[PDB]
């Protein structure tokens, strides 16, 4: 499924991401825009054998289990297929674990490159 | 109707436009591209009260009768509504009358600006 | 009096909506003057009905064109301006006042108005 | 997850077709390496079937993306590359070997693959 921007913002708000660990809602919508363009089925195979999954492109080396990634820790204790669900519940639950890891949202390359330091609230306006 | 490029080329060829009055097929396809982008329903209102109609944007002052253009000569003896059809026949018949002048395809502003002097055959390149 | 992008721009009840659509963009003079156009078509997205129209630059039609969708219900006007470079097989799009509601299927409809699919398949775009 | 634009580019029976599609273009290396993708979807144009797929630039998905439509039995591959400027918001499209047959509805389908309409309305783009 491809979420609409406001549709995703509302879902993320319902799941408690607005200002979670100090990150306002727009940071999360912006991260999704540049990791997956709001597509729940997005997948990216990496050269190290891992794969990034779902709307927030969560990686299989440390966070979910896809049974084919070396050095797997499955810290979200979920199969990576759960991160490809049409509703965002699993992805939000796992993202909350990741962002509390220490370096916050810097865990997301897309957030660092396209969202950090910008007017992220723009992503939830007109909603 | 919006024609595809090669689709229109084939229809214009079947209608006898290839080399008509010495103008190879590409000239006609190119003229339609820049007058209407191959849209049979295209209409352009002009400041003088006339309107250009159809795939080849034929004007209502001299060529077709639209019932609302003062001084209409209707030199193609056709209602302008007939030039808005999905079949290009009426437009081709009128275009042949229009081009049969010493100035030829210069009658079409789009042809003068985007087609005249160019490698027009490119407009039928890759076409079956 | 055919409904056209030009008539909307000059209409007493629609001029304000047109100004909002083109705010921040500097379009060619041919748009307001009234380019080469075709009849408006009805398209229904969700439970909202729109009049969708297009126009192109007189005598240079394949080079520059514009599509607009207008909702009387909301008064809102959203559009798409397109300039073509045949030599590079490229097309530059400028999105005009696309609100979130029209950000997925609305963009598709406006693009269909320009390719010709909307005119050739009038009942194929009521998403 | 498996049939992708990346795999088509490498496949022994489809690589020549892919090369024909991108000839003359300068697609980013990420396209052939394999970007962020979703499963291929089937669409029917006329009475012919196409696999439609897309992919975006890793970690900059909303900025650069590509859609490709492929007909296995027709040995034809056409595509659309899109880059959105991070200062003007203008979207620049590059059409990849769009043959005349796909010049209208195929362009619509490829763009729908990028907007998200095709993924959300899987059976909404099977034009007569």
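Which condition from (1) within 23 Å of residue C:123 (Cβ to Cβ); (2) in contact with a strand residue (DSSP E or B) (Cβ under 6 Å, 6 or more places away or on another chain); (3) within 14 Å of chain B (Cβ to nearest Cβ) is the one that residue C:66 breaks? It fails just one condition, (1). Among the residues making up the range D:97-120, those that are touching a residue at least 60 places away in the same chain (Cβ under 8 Å) and in contact with a helix residue (DSSP H, G or I) (Cβ under 6 Å, 6 or more places away or on another chain) are D:97, D:105, D:118.
The condition of being in a loop (DSSP other than H, G, I, E, B), surrounded by fewer than 22 Cβ atoms within 10 Å (Cβ to Cβ) and in contact (Cβ under 8 Å) with a residue 40 or more places away in the chain holds for only one of B:86, B:72, that being B:86.
Please tell me if residue A:107 is within 14 Å of chain D (Cβ to nearest Cβ) and over 15 Å from the mean Cα position of the chain (by Cα). No, not satisfied.
Among the residues of the range B:34-66, write down those that are free of Cβ contacts under 8 Å to residues at least 60 places away in the same chain, in contact with a helix residue (DSSP H, G or I) (Cβ under 8 Å, 6 or more places away or on another chain) and outside any strand (DSSP E or B). If the condition is that a residue be free of Cβ contacts under 8 Å to residues at least 60 places away in the same chain, in contact with a helix residue (DSSP H, G or I) (Cβ under 8 Å, 6 or more places away or on another chain) and outside any strand (DSSP E or B), then B:38, B:40, B:41, B:42, B:54, B:55, B:56, B:57, B:60, B:63, B:64, B:66 are the ones that fit. Please specify each residue of the range A:92-127 satisfying the condition of being in a loop (DSSP other than H, G, I, E, B) and either in contact with a helix residue (DSSP H, G or I) (Cβ under 6 Å, 6 or more places away or on another chain) or at negative phi (or both). Answer for the range A:92-127, where residues must be in a loop (DSSP other than H, G, I, E, B) and either in contact with a helix residue (DSSP H, G or I) (Cβ under 6 Å, 6 or more places away or on another chain) or at negative phi (or both): A:100, A:101, A:103, A:108, A:115, A:116, A:118, A:119, A:125, A:126, A:127. Within the range C:76-95, the set of residues being within 14 Å of chain B (Cβ to nearest Cβ) and within 20 Å of residue C:32 (Cβ to Cβ) comprises C:82, C:83. Every test in (1) within 14 Å of chain A (Cβ to nearest Cβ); (2) over 21 Å from residue A:37 (Cα atoms) is passed by residue D:6 save one, and that test is (2). Scanning the range B:12-33 for residues that are in contact (Cβ under 8 Å) with a residue 40 or more places away in the chain, on the phi < 0 side of the Ramachandran plot and surrounded by fewer than 18 Cβ atoms within 10 Å (Cβ to Cβ) returns a single hit, B:24. When C:51, C:41 are checked against the criterion of being within 13 Å of another protein chain (Cβ to nearest Cβ) and touching a strand residue (DSSP E or B) at 6+ places or on another chain (Cβ under 8 Å), C:41 stands alone in meeting it.
Assess whether residue A:100 counts as being surrounded by fewer than 19 Cβ atoms within 10 Å (Cβ to Cβ) and within 24 Å of residue D:3 (Cβ to Cβ). Considered against the rule, which asks whether it is surrounded by fewer than 19 Cβ atoms within 10 Å (Cβ to Cβ) and within 24 Å of residue D:3 (Cβ to Cβ), residue A:100 comes out as no. Being assigned to a helix (DSSP H, G or I), within 10 Å of chain A (Cβ to nearest Cβ) and over 11 Å from the mean Cα position of the chain (by Cα) is a condition met by no residue of the range D:15-25. Of the strands (runs of 3 or more DSSP E) lying entirely inside the range C:26-91, those containing at least 1 residues that are under 12 Å from the mean Cα position of the chain (by Cα) and crowded, with 22+ Cβ neighbours inside 10 Å span C:48-56, C:64-70, C:77-85. So, in the range B:45-65, of the ones that are within 13 Å of the chain's Cα centre (by Cα) and either on the phi > 0 side of the Ramachandran plot or surrounded by fewer than 24 Cβ atoms within 10 Å (Cβ to Cβ) (or both), which residue ends up nearest to the other protein chains (Cβ to nearest Cβ)? Only one residue fits best here, namely B:57.
Can you name the residue in the range D:96-121 that is within 11 Å of chain A (Cβ to nearest Cβ) and outside any helix (DSSP H, G or I) and is also surrounded by the fewest Cβ atoms within 10 Å (Cβ to Cβ) among such residues? Residue satisfying both the conditions and the ranking: D:121.
Computed from the coordinates by the stated procedures, all read-outs in this text should not be read as laboratory data. Because the Cβ atoms are built from the backbone with ideal geometry, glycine has one as well, and the counts that use them run over all protein chains shown.
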